[PDB]
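Novice: See input.json below, with JSON, N, CA and C atoms.
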[["chain", "number", "residue", "atom", "x", "y", "z"],
["P", 1, "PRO", "N", 73.05, 96.04, 94.55],
["P", 1, "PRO", "CA", 73.32, 94.87, 93.70],
["P", 1, "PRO", "C", 74.77, 94.81, 93.25],
["P", 2, "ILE", "N", 75.14, 93.71, 92.59],
["P", 2, "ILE", "CA", 76.50, 93.53, 92.10],
["P", 2, "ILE", "C", 76.52, 93.40, 90.59],
["P", 3, "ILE", "N", 75.46, 93.87, 89.94],
["P", 3, "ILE", "CA", 75.37, 93.80, 88.49],
["P", 3, "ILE", "C", 75.48, 95.19, 87.87],
["P", 4, "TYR", "N", 75.49, 95.25, 86.54],
["P", 4, "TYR", "CA", 75.59, 96.51, 85.83],
["P", 4, "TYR", "C", 74.52, 96.62, 84.75],
["P", 5, "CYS", "N", 74.56, 97.71, 83.99],
["P", 5, "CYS", "CA", 73.59, 97.94, 82.93],
["P", 5, "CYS", "C", 74.28, 98.44, 81.66],
["P", 6, "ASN", "N", 73.79, 97.98, 80.51],
["P", 6, "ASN", "CA", 74.36, 98.37, 79.23],
["P", 6, "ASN", "C", 73.99, 99.81, 78.89],
["P", 7, "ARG", "N", 74.95, 100.55, 78.34],
["P", 7, "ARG", "CA", 74.72, 101.95, 77.97],
["P", 7, "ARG", "C", 74.17, 102.05, 76.55],
["P", 8, "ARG", "N", 74.60, 101.13, 75.69],
["P", 8, "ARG", "CA", 74.15, 101.12, 74.31],
["P", 8, "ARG", "C", 72.69, 100.69, 74.21],
["P", 9, "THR", "N", 72.37, 99.56, 74.83],
["P", 9, "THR", "CA", 71.01, 99.03, 74.81],
["P", 9, "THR", "C", 70.16, 99.67, 75.91],
["P", 10, "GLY", "N", 70.72, 99.72, 77.12],
["P", 10, "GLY", "CA", 70.00, 100.30, 78.24],
["P", 10, "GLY", "C", 69.34, 99.25, 79.11],
["P", 11, "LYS", "N", 69.85, 98.02, 79.05],
["P", 11, "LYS", "CA", 69.30, 96.93, 79.84],
["P", 11, "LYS", "C", 70.32, 96.43, 80.85],
["P", 12, "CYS", "N", 69.83, 95.94, 81.99],
["P", 12, "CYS", "CA", 70.70, 95.42, 83.04],
["P", 12, "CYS", "C", 70.63, 93.90, 83.11],
["P", 13, "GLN", "N", 71.70, 93.29, 83.59],
["P", 13, "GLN", "CA", 71.77, 91.83, 83.71],
["P", 13, "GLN", "C", 71.69, 91.40, 85.17],
["P", 14, "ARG", "N", 71.82, 90.10, 85.40],
["P", 14, "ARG", "CA", 71.77, 89.56, 86.76],
["P", 14, "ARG", "C", 73.12, 88.97, 87.16],
["P", 15, "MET", "N", 74.09, 89.07, 86.26],
["P", 15, "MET", "CA", 75.43, 88.55, 86.53],
["P", 15, "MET", "C", 75.37, 87.09, 86.99]]
Please, can you express the file's structure as structure tokens?

Specialist:
Amino acid sequence: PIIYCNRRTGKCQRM
């Protein structure tokens, strides 16, 4: 994929 994930919350997005 070309998206990332938050380290604070722990959730990923779809960009």

Novice: Which neighbours of residue 4 in chain P fall inside 6 Å, counting only N, CA and C atoms, when residues of the same chain fewer than 5 positions from it are skipped, and could you give them as a VMD selection string?

Specialist: chain P and resid 11 to 13

Novice: Which centre and which edge lengths, in Å to one decimal, describe the axis-aligned box that holds all listed atoms of chain P after 8 Å is added on each side, as AutoDock Vina command-line options?

Specialist:
--center_x 72.9 --center_y 94.6 --center_z 84.4 --size_x 23.2 --size_y 31.0 --size_z 36.3

Novice: One decimal, Å: what's the distance from atom N of residue 3 in chain P over to atom C of residue 15 in chain P, could you say?

Specialist: 7.4 Å
